file run36.cif (mmCIF, C-alpha atoms)
data_my_file
loop_
_atom_site.label_atom_id
_atom_site.label_comp_id
_atom_site.auth_asym_id
_atom_site.auth_seq_id
_atom_site.Cartn_x
_atom_site.Cartn_y
_atom_site.Cartn_z
CA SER R 1 117.92 133.23 90.85
CA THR R 2 119.37 132.39 87.47
CA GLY R 3 120.46 129.31 85.56
CA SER R 4 122.88 128.75 82.70
CA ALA R 5 123.36 125.51 80.78
CA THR R 6 125.26 124.53 77.69
CA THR R 7 123.28 123.01 74.83
CA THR R 8 125.02 120.73 72.37
CA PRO R 9 124.08 119.53 68.87
CA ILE R 10 123.17 115.83 68.78
CA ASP R 11 124.89 115.25 65.45
CA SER R 12 126.95 116.88 62.71
CA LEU R 13 123.84 118.43 61.10
CA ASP R 14 122.49 120.21 64.21
CA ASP R 15 119.33 118.08 63.90
CA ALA R 16 118.56 118.98 67.51
CA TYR R 17 120.27 120.15 70.67
CA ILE R 18 120.53 118.49 74.08
CA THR R 19 120.95 120.16 77.43
CA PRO R 20 121.77 118.31 80.65
CA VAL R 21 119.02 118.41 83.29
CA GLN R 22 119.22 117.16 86.88
CA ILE R 23 116.12 115.30 88.07
CA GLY R 24 115.51 113.89 91.53
CA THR R 25 117.53 113.24 94.67
CA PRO R 26 120.27 112.19 94.30
CA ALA R 27 120.43 113.86 90.92
CA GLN R 28 119.77 111.81 87.81
CA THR R 29 121.16 113.70 84.83
CA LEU R 30 119.26 113.33 81.57
CA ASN R 31 119.98 115.09 78.29
CA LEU R 32 116.78 116.82 77.20
CA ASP R 33 115.71 118.56 74.01
CA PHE R 34 114.60 122.06 75.10
CA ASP R 35 111.57 122.79 72.97
CA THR R 36 110.00 126.26 72.82
CA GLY R 37 107.27 124.72 70.64
CA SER R 38 105.76 122.44 73.31
CA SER R 39 105.00 122.50 77.02
CA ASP R 40 105.61 119.03 78.44
CA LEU R 41 108.72 117.93 80.32
CA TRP R 42 108.81 114.22 79.60
CA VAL R 43 111.52 111.62 80.00
CA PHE R 44 112.49 108.12 79.12
CA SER R 45 112.11 106.22 82.35
CA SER R 46 112.07 102.93 84.21
CA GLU R 47 108.43 102.73 83.09
CA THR R 48 109.15 103.02 79.36
CA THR R 49 108.29 99.87 77.36
CA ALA R 50 111.66 98.08 77.22
CA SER R 51 111.58 97.43 73.47
CA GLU R 52 111.21 101.19 72.92
CA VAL R 53 114.38 102.10 74.80
CA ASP R 54 117.62 101.96 72.79
CA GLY R 55 120.51 103.68 74.53
CA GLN R 56 118.72 106.54 76.29
CA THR R 57 119.41 107.38 79.91
CA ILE R 58 116.27 106.77 81.94
CA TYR R 59 114.74 108.47 84.96
CA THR R 60 113.95 106.02 87.73
CA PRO R 61 111.55 107.68 90.15
CA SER R 62 111.85 104.87 92.71
CA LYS R 63 115.50 105.89 93.22
CA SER R 64 114.60 109.52 93.95
CA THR R 65 113.77 110.45 97.54
CA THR R 66 111.92 113.55 96.33
CA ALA R 67 109.78 111.85 93.63
CA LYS R 68 106.03 111.62 94.25
CA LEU R 69 103.46 110.06 91.95
CA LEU R 70 101.00 112.69 90.76
CA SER R 71 98.14 110.36 91.35
CA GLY R 72 95.73 109.90 88.46
CA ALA R 73 97.60 112.16 86.05
CA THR R 74 98.40 111.01 82.53
CA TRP R 75 99.83 112.68 79.45
CA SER R 76 99.89 112.09 75.73
CA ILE R 77 101.48 114.24 73.08
CA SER R 78 101.89 114.29 69.32
CA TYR R 79 104.40 116.51 67.57
CA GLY R 80 104.42 118.21 64.18
CA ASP R 81 106.73 115.55 62.75
CA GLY R 82 104.26 112.78 63.62
CA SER R 83 106.18 111.50 66.64
CA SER R 84 104.47 110.91 69.97
CA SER R 85 104.81 109.72 73.53
CA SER R 86 102.61 109.15 76.58
CA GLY R 87 102.67 108.00 80.18
CA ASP R 88 102.05 109.01 83.77
CA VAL R 89 103.43 111.80 85.97
CA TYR R 90 105.66 112.36 88.97
CA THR R 91 106.58 115.56 90.69
CA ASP R 92 110.26 115.92 91.56
CA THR R 93 113.08 118.43 91.90
CA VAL R 94 114.44 119.58 88.55
CA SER R 95 117.52 121.75 88.07
CA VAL R 96 118.85 123.34 84.90
CA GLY R 97 122.23 125.02 84.95
CA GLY R 98 122.05 125.65 88.69
CA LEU R 99 118.42 126.81 88.75
CA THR R 100 116.18 124.55 90.82
CA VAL R 101 112.44 124.02 90.71
CA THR R 102 110.81 121.87 93.36
CA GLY R 103 107.53 120.14 92.58
CA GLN R 104 108.09 120.11 88.83
CA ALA R 105 105.85 117.77 86.85
CA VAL R 106 108.12 115.13 85.33
CA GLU R 107 106.15 113.19 82.74
CA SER R 108 107.34 109.59 82.69
CA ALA R 109 107.02 107.88 79.33
CA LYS R 110 105.34 104.50 79.16
CA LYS R 111 105.35 104.61 75.35
CA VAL R 112 107.39 106.52 72.78
CA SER R 113 107.18 106.42 68.99
CA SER R 114 109.94 104.99 66.83
CA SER R 115 111.59 108.34 66.09
CA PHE R 116 112.33 108.77 69.79
CA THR R 117 113.55 105.21 70.27
CA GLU R 118 115.87 105.60 67.32
CA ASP R 119 117.46 108.72 68.74
CA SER R 120 119.72 107.43 71.48
CA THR R 121 121.02 110.91 72.27
CA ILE R 122 117.71 112.43 73.41
CA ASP R 123 116.49 111.32 76.85
CA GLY R 124 113.32 113.40 76.67
CA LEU R 125 111.96 116.89 76.06
CA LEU R 126 111.70 120.01 78.20
CA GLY R 127 108.91 122.20 76.90
CA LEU R 128 109.24 125.97 77.01
CA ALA R 129 106.09 127.10 75.19
CA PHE R 130 103.15 128.37 77.23
CA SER R 131 101.70 126.09 79.88
CA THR R 132 98.26 126.22 78.22
CA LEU R 133 99.65 123.60 75.78
CA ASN R 134 100.66 121.17 78.50
CA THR R 135 98.97 117.81 77.95
CA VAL R 136 98.68 116.50 81.51
CA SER R 137 95.17 115.40 82.38
CA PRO R 138 93.01 115.95 84.38
CA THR R 139 95.13 118.67 85.99
CA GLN R 140 97.22 120.64 83.51
CA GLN R 141 100.79 121.25 84.66
CA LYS R 142 103.20 124.17 84.39
CA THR R 143 106.45 124.25 82.43
CA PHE R 144 109.83 124.47 84.13
CA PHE R 145 110.04 128.13 83.08
CA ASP R 146 106.56 128.95 84.40
CA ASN R 147 107.42 127.32 87.75
CA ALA R 148 110.79 129.11 87.95
CA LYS R 149 109.55 132.50 86.82
CA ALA R 150 108.72 134.15 90.12
CA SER R 151 112.13 133.20 91.53
CA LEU R 152 114.08 134.46 88.53
CA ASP R 153 115.92 137.77 88.63
CA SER R 154 114.05 138.65 85.42
CA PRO R 155 111.18 136.61 83.89
CA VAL R 156 113.10 135.61 80.78
CA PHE R 157 115.07 132.84 79.21
CA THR R 158 117.40 133.08 76.22
CA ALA R 159 118.40 130.66 73.48
CA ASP R 160 121.86 131.02 71.96
CA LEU R 161 122.17 128.02 69.64
CA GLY R 162 125.42 127.23 67.92
CA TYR R 163 126.09 126.37 64.31
CA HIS R 164 127.89 123.03 64.44
CA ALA R 165 128.92 124.01 67.96
CA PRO R 166 127.59 124.19 71.51
CA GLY R 167 125.54 127.12 72.74
CA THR R 168 123.68 128.25 75.81
CA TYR R 169 120.27 128.44 77.43
CA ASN R 170 120.11 131.08 80.17
CA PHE R 171 117.30 131.59 82.64
CA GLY R 172 116.63 134.81 84.50
CA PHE R 173 119.12 137.14 82.85
CA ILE R 174 120.32 138.51 79.55
CA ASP R 175 124.05 137.99 78.90
CA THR R 176 125.03 141.25 77.24
CA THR R 177 128.36 139.69 76.15
CA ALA R 178 126.60 137.04 74.05
CA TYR R 179 125.35 139.27 71.24
CA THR R 180 126.38 142.20 69.08
CA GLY R 181 124.49 145.44 68.58
CA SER R 182 121.11 145.80 70.22
CA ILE R 183 118.20 143.44 70.84
CA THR R 184 115.05 144.16 68.83
CA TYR R 185 111.88 143.12 70.62
CA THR R 186 108.71 142.17 68.82
CA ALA R 187 105.16 141.37 69.96
CA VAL R 188 104.03 137.86 70.85
CA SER R 189 100.61 136.29 70.58
CA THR R 190 99.99 133.51 73.09
CA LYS R 191 96.57 132.67 71.63
CA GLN R 192 97.80 129.34 70.23
CA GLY R 193 100.16 128.65 73.15
CA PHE R 194 103.31 129.32 71.14
CA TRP R 195 105.94 132.04 71.02
CA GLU R 196 104.14 133.41 67.96
CA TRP R 197 105.32 136.61 66.31
CA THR R 198 105.28 138.38 62.94
CA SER R 199 108.44 138.81 60.92
CA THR R 200 108.52 141.95 58.80
CA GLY R 201 109.93 140.33 55.67
CA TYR R 202 112.86 138.62 54.00
CA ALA R 203 115.72 138.84 51.54
CA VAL R 204 117.50 136.16 49.51
CA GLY R 205 121.27 136.51 49.36
CA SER R 206 122.25 140.04 48.41
CA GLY R 207 118.77 140.69 47.00
CA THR R 208 116.46 143.49 48.00
CA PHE R 209 114.39 143.11 51.14
CA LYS R 210 110.72 142.24 50.64
CA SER R 211 108.49 143.86 53.25
CA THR R 212 105.78 141.35 54.06
CA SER R 213 104.25 140.11 57.32
CA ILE R 214 105.07 136.49 58.11
CA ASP R 215 103.37 135.10 61.21
CA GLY R 216 105.26 132.19 62.74
CA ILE R 217 106.57 130.55 65.89
CA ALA R 218 109.99 130.56 67.47
CA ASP R 219 110.55 126.84 67.94
CA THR R 220 113.85 125.48 69.23
CA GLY R 221 112.44 121.96 68.88
CA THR R 222 112.10 122.15 65.11
CA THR R 223 115.26 121.69 63.03
CA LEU R 224 114.44 123.66 59.90
CA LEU R 225 112.94 126.97 58.80
CA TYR R 226 109.42 126.51 57.43
CA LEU R 227 108.00 129.47 55.52
CA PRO R 228 105.26 130.15 52.96
CA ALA R 229 105.68 128.46 49.60
CA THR R 230 106.12 131.81 47.84
CA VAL R 231 109.09 132.73 50.06
CA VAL R 232 110.68 129.30 49.81
CA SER R 233 110.33 129.20 46.02
CA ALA R 234 111.99 132.61 45.79
CA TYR R 235 114.92 131.29 47.85
CA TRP R 236 115.50 128.05 45.99
CA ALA R 237 115.11 129.73 42.59
CA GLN R 238 118.53 131.26 43.32
CA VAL R 239 120.21 127.85 43.58
CA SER R 240 121.03 126.20 40.25
CA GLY R 241 119.45 122.77 40.09
CA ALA R 242 117.36 123.08 43.24
CA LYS R 243 113.91 121.55 43.13
CA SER R 244 111.10 120.33 45.30
CA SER R 245 111.05 116.55 45.40
CA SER R 246 107.86 114.84 46.53
CA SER R 247 109.81 111.56 46.83
CA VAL R 248 112.30 113.11 49.24
CA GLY R 249 109.78 115.33 51.01
CA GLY R 250 110.97 118.82 50.21
CA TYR R 251 113.50 121.00 48.48
CA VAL R 252 116.79 119.38 47.50
CA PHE R 253 119.76 120.96 45.79
CA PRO R 254 123.01 119.83 44.20
CA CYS R 255 125.63 119.15 46.84
CA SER R 256 128.04 121.09 44.61
CA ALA R 257 126.08 124.32 45.23
CA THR R 258 127.07 127.37 47.21
CA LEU R 259 123.93 128.45 49.01
CA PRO R 260 122.88 132.11 49.34
CA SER R 261 122.12 133.58 52.74
CA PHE R 262 118.56 134.24 53.90
CA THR R 263 117.60 137.35 55.83
CA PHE R 264 114.47 137.70 57.96
CA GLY R 265 113.08 140.89 59.47
CA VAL R 266 112.42 141.60 63.13
CA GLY R 267 110.86 145.03 63.19
CA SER R 268 113.31 147.27 61.34
CA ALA R 269 116.17 144.92 62.24
CA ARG R 270 117.51 142.07 60.13
CA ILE R 271 118.85 138.63 61.01
CA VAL R 272 121.07 136.99 58.40
CA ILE R 273 121.17 133.20 58.12
CA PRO R 274 124.40 132.29 56.33
CA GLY R 275 124.04 129.96 53.37
CA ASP R 276 125.98 127.19 55.12
CA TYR R 277 123.31 127.01 57.84
CA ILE R 278 120.79 125.99 55.16
CA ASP R 279 122.79 122.91 54.08
CA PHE R 280 121.54 119.65 55.63
CA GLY R 281 123.76 117.41 53.61
CA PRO R 282 123.17 114.41 51.39
CA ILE R 283 119.63 113.04 51.36
CA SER R 284 121.13 109.60 51.85
CA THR R 285 124.68 108.58 52.57
CA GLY R 286 126.89 109.33 49.56
CA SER R 287 124.20 111.07 47.53
CA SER R 288 125.01 114.15 45.49
CA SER R 289 121.52 115.51 46.22
CA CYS R 290 121.50 117.60 49.40
CA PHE R 291 118.56 118.50 51.64
CA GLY R 292 117.58 122.11 52.09
CA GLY R 293 117.21 123.86 55.44
CA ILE R 294 114.41 126.15 54.27
CA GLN R 295 111.22 124.30 53.45
CA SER R 296 107.59 125.11 52.75
CA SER R 297 105.15 125.36 55.65
CA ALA R 298 102.24 124.65 53.31
CA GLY R 299 100.17 121.93 54.92
CA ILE R 300 101.72 122.46 58.38
CA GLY R 301 99.30 125.27 59.07
CA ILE R 302 101.92 127.52 60.66
CA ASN R 303 105.26 129.03 59.78
CA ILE R 304 108.09 127.81 61.98
CA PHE R 305 111.28 129.69 62.82
CA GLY R 306 113.17 126.57 63.84
CA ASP R 307 116.84 126.06 64.65
CA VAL R 308 118.07 127.12 61.19
CA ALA R 309 116.73 130.62 61.89
CA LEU R 310 117.19 130.78 65.66
CA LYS R 311 120.84 129.71 65.66
CA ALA R 312 121.66 132.82 63.59
CA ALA R 313 120.53 134.97 66.52
CA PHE R 314 120.62 135.56 70.24
CA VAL R 315 116.95 135.08 71.14
CA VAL R 316 115.16 136.41 74.22
CA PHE R 317 111.98 134.73 75.32
CA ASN R 318 110.47 137.39 77.56
CA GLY R 319 107.83 135.90 79.85
CA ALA R 320 106.81 139.19 81.45
CA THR R 321 103.11 139.85 81.93
CA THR R 322 103.00 140.89 78.28
CA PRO R 323 105.36 138.41 76.63
CA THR R 324 107.65 139.45 73.81
CA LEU R 325 110.50 138.01 71.73
CA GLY R 326 113.87 139.67 71.25
CA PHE R 327 116.40 139.01 68.50
CA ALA R 328 119.99 140.18 68.26
CA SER R 329 122.80 139.36 65.88
CA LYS R 330 125.82 137.61 67.36
#

call {"tool": "encode", "arguments": {"input": "run36.cif", "output": "structure tokens"}}
result
Amino acid sequence: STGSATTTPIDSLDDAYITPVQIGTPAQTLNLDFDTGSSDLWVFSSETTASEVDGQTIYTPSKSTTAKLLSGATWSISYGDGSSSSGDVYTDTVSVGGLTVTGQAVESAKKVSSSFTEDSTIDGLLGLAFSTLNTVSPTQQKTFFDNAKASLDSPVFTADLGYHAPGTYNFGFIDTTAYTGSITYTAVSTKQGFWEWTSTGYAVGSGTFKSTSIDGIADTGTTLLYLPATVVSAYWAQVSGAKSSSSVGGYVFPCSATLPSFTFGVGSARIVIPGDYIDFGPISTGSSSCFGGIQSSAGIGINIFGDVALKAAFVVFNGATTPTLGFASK
């Protein structure tokens, strides 16, 4: 089997991407944030505290003939941005882009933090990291990908995120028309439950490439590119007037700037992030200070190749017995 679904930016900044997902019988379609940095499929639901729902589409398990309470199971998750959610669990039929999993754990939110409430466009998350990170207790549950894997033509999914445009998540096959050149595969460590890999270095604009190992995660659920302070300083030093602002919470730059590109290494290959991808616009409406798309990972504890990086590439998440990550230009 295979699946193919379009993923669409939630706003003009590509702050996140939503992908329609069919849950239950008859289908209830919710727009979920596919997140390769976590491993819970959770949804706004009929059980979500009413004051914490503001425009989201909810899953109502009582209206699904295939929903079953997973008796005794609860979940609770906190994300790197400080947001969180928790609730109980149902199993139900879940389909993405024509690919169906029966018996998928659908984590029904009873509570969500303010960041989720305030985002009316995101009806929940679909985690695509390794199932060892799944938070369901007392019986840990498998991700949609893990459940689908054995049925897939090939044990892979791919992320092809657009810049200010829709893109595609494919399951079970590699679309050879969706990228240019060849795919370079690189080793993955699953020890922390993430798609964790080591970039071989970076360049700033037309500058020379610096060979240096940068361990980080491929995380579709993180907006920006978070790298070591040394790397980030080297980037922003090339932008006149750029500075790190503690009041704002990171690097800002004059909105009048033309940003240089940023290149990262994958083996001997190179992925170029155009300068425009690194512009996240005014810090507040009408401001002439703009927020940067490359930020320091210092104090996160991990480097994160988020959407800013991933959208510059066609990315293969290879869930074979020895997982790997592939990157191609596009």

call {"tool": "closest_atom_pairs", "arguments": {"input": "run36.cif", "of": "segment 156-181 of chain R", "to": "segment 115-137 of chain R", "cutoff": "12 Å", "atoms": "only C-alpha atoms", "output": "JSON lines"}}
result
{"residue": "R:156", "atom": "CA", "partner": "R:128", "partner_atom": "CA", "distance": 11.0}
{"residue": "R:157", "atom": "CA", "partner": "R:128", "partner_atom": "CA", "distance": 9.3}
{"residue": "R:158", "atom": "CA", "partner": "R:128", "partner_atom": "CA", "distance": 10.9}
{"residue": "R:159", "atom": "CA", "partner": "R:128", "partner_atom": "CA", "distance": 10.9}
{"residue": "R:169", "atom": "CA", "partner": "R:128", "partner_atom": "CA", "distance": 11.3}
{"residue": "R:171", "atom": "CA", "partner": "R:128", "partner_atom": "CA", "distance": 11.3}

call {"tool": "residues_around", "arguments": {"input": "run36.cif", "residues": "residue 155 of chain R", "least_positions_apart": "5", "cutoff": "9 Å", "atoms": "all atoms listed in the file", "output": "PyMOL selection string"}}
result
chain R and resi 145-146+148-150+171-173+317-321

call {"tool": "closest_residue", "arguments": {"input": "run36.cif", "among": "R:206, R:78, R:297, R:244", "to": "residue 260 of chain R", "atoms": "all atoms listed in the file"}}
result
R:206

call {"tool": "closest_residue", "arguments": {"input": "run36.cif", "among": "R:217, R:18, R:234, R:70", "to": "residue 296 of chain R", "atoms": "all atoms listed in the file"}}
result
R:234

call {"tool": "resolve_selection", "arguments": {"input": "run36.cif", "expression": "the PyMOL selection byres ((chain R and resi 301) around 12)", "output": "NGL selection string"}}
result
:R and (80 or 192 or 215-217 or 226-229 or 296-300 or 302-304)

call {"tool": "closest_residue", "arguments": {"input": "run36.cif", "among": "R:96, R:291, R:140, R:44", "to": "residue 73 of chain R", "atoms": "only C-alpha atoms"}}
result
R:140

call {"tool": "resolve_selection", "arguments": {"input": "run36.cif", "expression": "the PyMOL selection byres ((chain R and resi 83-92) around 6)", "output": "count of residues only"}}
result
27

call {"tool": "atom_distance", "arguments": {"input": "run36.cif", "atom1": "atom CA of residue 147 of chain R", "atom2": "atom CA of residue 316 of chain R"}}
result
18.0 Å

call {"tool": "resolve_selection", "arguments": {"input": "run36.cif", "expression": "the PyMOL selection byres ((chain R and resi 266) around 8)", "output": "ChimeraX atom specification"}}
result
/R:184-186,198-201,264-265,267-271,327

call {"tool": "atom_distance", "arguments": {"input": "run36.cif", "atom1": "atom CA of residue 311 of chain R", "atom2": "atom CA of residue 160 of chain R"}}
result
6.5 Å

call {"tool": "closest_residue", "arguments": {"input": "run36.cif", "among": "R:290, R:101, R:272, R:239", "to": "residue 329 of chain R", "atoms": "all atoms listed in the file"}}
result
R:272

call {"tool": "atom_distance", "arguments": {"input": "run36.cif", "atom1": "atom CA of residue 48 of chain R", "atom2": "atom CA of residue 16 of chain R"}}
result
22.0 Å
